[PDB]
Amino acid sequence: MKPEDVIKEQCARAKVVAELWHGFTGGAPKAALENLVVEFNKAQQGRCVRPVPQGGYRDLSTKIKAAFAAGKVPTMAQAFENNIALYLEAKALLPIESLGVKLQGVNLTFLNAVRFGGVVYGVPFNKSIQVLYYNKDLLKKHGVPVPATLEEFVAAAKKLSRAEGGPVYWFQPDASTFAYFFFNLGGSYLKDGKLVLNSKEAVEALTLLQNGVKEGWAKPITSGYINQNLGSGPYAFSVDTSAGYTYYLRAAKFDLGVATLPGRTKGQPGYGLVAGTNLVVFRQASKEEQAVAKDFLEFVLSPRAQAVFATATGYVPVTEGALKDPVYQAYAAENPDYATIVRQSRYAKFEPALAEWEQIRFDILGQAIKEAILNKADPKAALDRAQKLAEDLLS
Ligand SMILES: Nc1nc2c(ncn2[C@@H]2O[C@H](COP(=O)(O)O[C@H]3[C@@H](O)[C@H](n4ccc(=O)[nH]c4=O)O[C@@H]3CO)[C@H]3CC(O)(O)C[C@H]32)c(=O)[nH]1
Ligand SMILES: [Cl-]
Ligand SMILES: [Cl-]
């Protein structure tokens with residue numbers, strides 16, 4: 001009996017069902033969301049949440065776009081910050097605090113990210129940070145310390161690739177990976193409020209990756225997630241979402257390590273890109289459905305719900321009181337990786353929250369990165385094309 005089976009039956013019996021549209025395709029994130037829901041549904045006399053898998057996150061936002069066209073939104077959905085911006089154009093979203101959800105104790109950063117014109121429109125739910133995954137066996141074999149600096153990391157990847165006869169730094173030629181290099185080379189996406197894709201730090205970041213491929217230390221991963229490609233060739237390092245944790249753990253036929261990101265200097269870890277999603281509540285929802293969402297959101301922000309969800313997945317607990325929860329404490333005591341994810345979460349950058357940012361990051365920025373990495377397009381020429389297509393789109 002799967003938790004989605006148990007939820008179907010809970011909702012079948014319920015007098016009020018609040019649909020939650022999500023983009024977990026499976027693994028620990030889908031399971032942890034459904035187990036959270038099963039528990040919530042059991043505490044409710046005939047009031048239920050129905051999680052509805054919509055595919056991945058981009059399938060989800062396309063489904064929500066169609067639901068606006070059709071004029072039938074769910075009660076709740078996962079949303080990135082740029083998706084929340086796009087939804088506020090449609091005036092589609094309920095202010096969270098007006099629902100009566102108490103947000104004191106939520107990570108102020110995570111709260112900053114969902115705050116539009118001073119009003120909170122989302123609940124931070126499954127917020128991830130990039131971390132450095134590494135092959136502890138391979139570093140130990142060659143006496144290679146975990147790199148604390150970008151310079152050390154490049155050196156370590158060169159040294160290991162030469163030793164193992166293959167590129168040991170594995171990356172997705174995508175916007176998320178580029179963000180790690182761009183941010184830690186001093187890059188910023190907004191220059192006096194203008195979106196800039198082709199800044200000298202963007203060229204530098206894309207040039208570092210393209211050179212890492214040419215020099216034999218970086219391996220572009222073009223089919224599946226990094227964690228789906230493990231076992232094919234020597235692997236030392238990736239920079240990847242904390243949500244990948246359980247997937248790396250299950251796949252890896254080596255002792256997986258997690259470290260904070262290499263930074264400019266030893267004074268501080270690199271910044272990681274914040275990913276994952278916020279829950280939003282749609283205005284179109286009935287008052288009955290809204291009240292279910294209010295109680296579901298208070299439940300999701302409870303220390304225990306956060307502790308269980310975060311330790312199950314490798315998401316970052318969004319509340320102060322989650323770290324004070326004994327279930328969290330007992331996992332952290334046994335597994336140094338949860339502290340390592342939380343500590344990395346102090347060094348956290350966000351992509352722009354422009355309504356068009358989802359199209360830009362995949363169709364424009366993502367494509368330029370692929371052109372440079374996969375087709376050896378000149379990094380500046382690739383990014384200057386991206387900057388023009390973005391400017392066109394935003395005009
Ligand atoms: N649609 C849309 N997507 C966006 C936006 N900004 C960022 N992203 C995507 O957020 C994913 C990160 O969110 P996160 O919750 O940290 O991690 C995901 C999965 O990535 C990760 N995962 C899943 C399966 C697996 O085998 N391995 C694994 O690591 O687990 C989670 C749940 O599926 C990136 C990944 C991307 O999908 O390639 C593009 C990025 C946006 O604005 N819109
Ligand atoms: Cl699965
Ligand atoms: Cl992608």
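Heads up: numbering here begins at 1 and tracks the sequence. Just so it is clear, the values below take in all heavy atoms, side chains as well, and ignore hydrogens, waters and symmetry mates.
- In this pair, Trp217 and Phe153 present their aromatic rings perpendicular. The plane angle is above 60°, beyond the 30 to 60° band.
- No donor-acceptor distance shorter than 3.5 angstrom exists from the side chain of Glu289 to the backbone of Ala285, with no hydrogens or angles considered.
- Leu208 and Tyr169 fall within a single hydrophobic cluster, where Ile, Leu, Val, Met, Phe, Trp and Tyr are joined by side-chain heavy atoms under 4.5 Å apart, directly or via other members.
- Between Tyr271 and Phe183, the ring centre distance reaches or exceeds 6.0 Å.
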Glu358 vs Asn83, side-chain hydrogen bond (donor to acceptor under 3.5 Å, both in side chains): CA-CA, chis, key distance, verdict: CA-CA 7 Å; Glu358 173 164 89; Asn83 306 134; 3.0 Å; yes
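- With ring centers used as reference points, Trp357 lies 6.0 Å or more from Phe350.
- In this structure, the side chain of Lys219 does not engage the main chain of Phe171 through any donor-acceptor pair within 3.5 Å.
- Here the closest heavy-atom approach between residue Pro95 and residue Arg283 is recorded as CD-NH2, 3.7 Å.
- The aromatic rings of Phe296 and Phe40 sit perpendicular to each other, their planes meeting at more than 60°, with 30° as the lower class boundary.
- The side-chain hydrogen bond (donor to acceptor under 3.5 Å, both in side chains) test with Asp240 is passed by exactly one of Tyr247, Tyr248, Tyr245, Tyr133: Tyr248.
- In the hydrophobic clustering of this structure, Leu297 groups with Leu93; members are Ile, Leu, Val, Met, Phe, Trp, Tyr whose side-chain heavy atoms approach within less than 4.5 Å, directly or through other members.
- Side-chain atoms of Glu371 and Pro173, non-hydrogen and from C-beta on, never get closer than 4.5 Å to each other.
- Although no hydrogens or angles enter the test, the distance criterion places no donor-acceptor pair under 3.5 Å between the side chain of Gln10 and the main chain of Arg13.
- Aromatic ring centres of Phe68 and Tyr87: separated by under 6.0 Å.
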Side-chain donor-acceptor pairs under 3.5 Å in residues 222-229, sequence neighbours left out?
from: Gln228; atom 1: OE1; to: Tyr225; atom 2: N; distance (Å): 2.9
from: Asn229; atom 1: ND2; to: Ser223; atom 2: O; distance (Å): 2.9
from: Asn229; atom 1: ND2; to: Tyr225; atom 2: O; distance (Å): 2.9

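- Formation of a donor-acceptor pair under 3.5 Å by the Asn375 side chain with backbone atoms of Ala377 is not found in this model.
- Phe80 and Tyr57 have perpendicular rings, their planes meeting at more than 60° on a 0 to 90° scale where under 30° would count as parallel.
- The closest donor-acceptor contact from the side chain of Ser302 to the backbone of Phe299 lies under 3.5 Å.
- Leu139 and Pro145 get closest at one heavy-atom pair: CD2-O, 3.8 Å.
- Checking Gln78 against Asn126 by side-chain atom types alone, a donor-acceptor pair falls below 3.5 Å.
- Using modelled atom types, no side-chain atom of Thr340 and backbone atom of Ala259 make a donor-acceptor pair closer than 3.5 Å.
- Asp174 places no side-chain N or O within 3.5 Å of a backbone atom of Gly366 that could act as its donor or acceptor partner.
- A donor-acceptor pair is defined here as one N or O able to donate and one able to accept, closer than 3.5 Å; no such pair exists between the side chain of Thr149 and the backbone of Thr265.
- Of the possible donor and acceptor atoms, one in the side chain of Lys294 sits under 3.5 Å from a partner among the backbone N and O of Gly100.
- Screening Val6, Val300, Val49 for a side chain to side chain contact (heavy atoms under 4.5 Å, CB included) involving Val37 leaves a single residue, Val49.
- The aromatic rings of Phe24 and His22 are tilted relative to each other, their planes meeting at an angle between 30° and 60°.
- Side-chain contact check for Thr109 and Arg346: no donor-acceptor pair (N or O, by modelled atom type) lies under 3.5 Å.
- For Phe309 and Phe125, the gap between ring centers is short of 6.0 Å.
- Placement of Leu383 and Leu393 within a single hydrophobic cluster is found when ILVMFWY residues are connected by side-chain heavy-atom separations under 4.5 Å, directly or transitively.
- Residues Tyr235 and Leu249 fall within the same hydrophobic cluster, defined by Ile, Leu, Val, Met, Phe, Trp and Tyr side chains chained together at heavy-atom separations under 4.5 Å.
- Hydrophobic clustering keeps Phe181 apart from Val196 (ILVMFWY residues linked when any side-chain heavy atoms are closer than 4.5 Å, directly or through intermediates).
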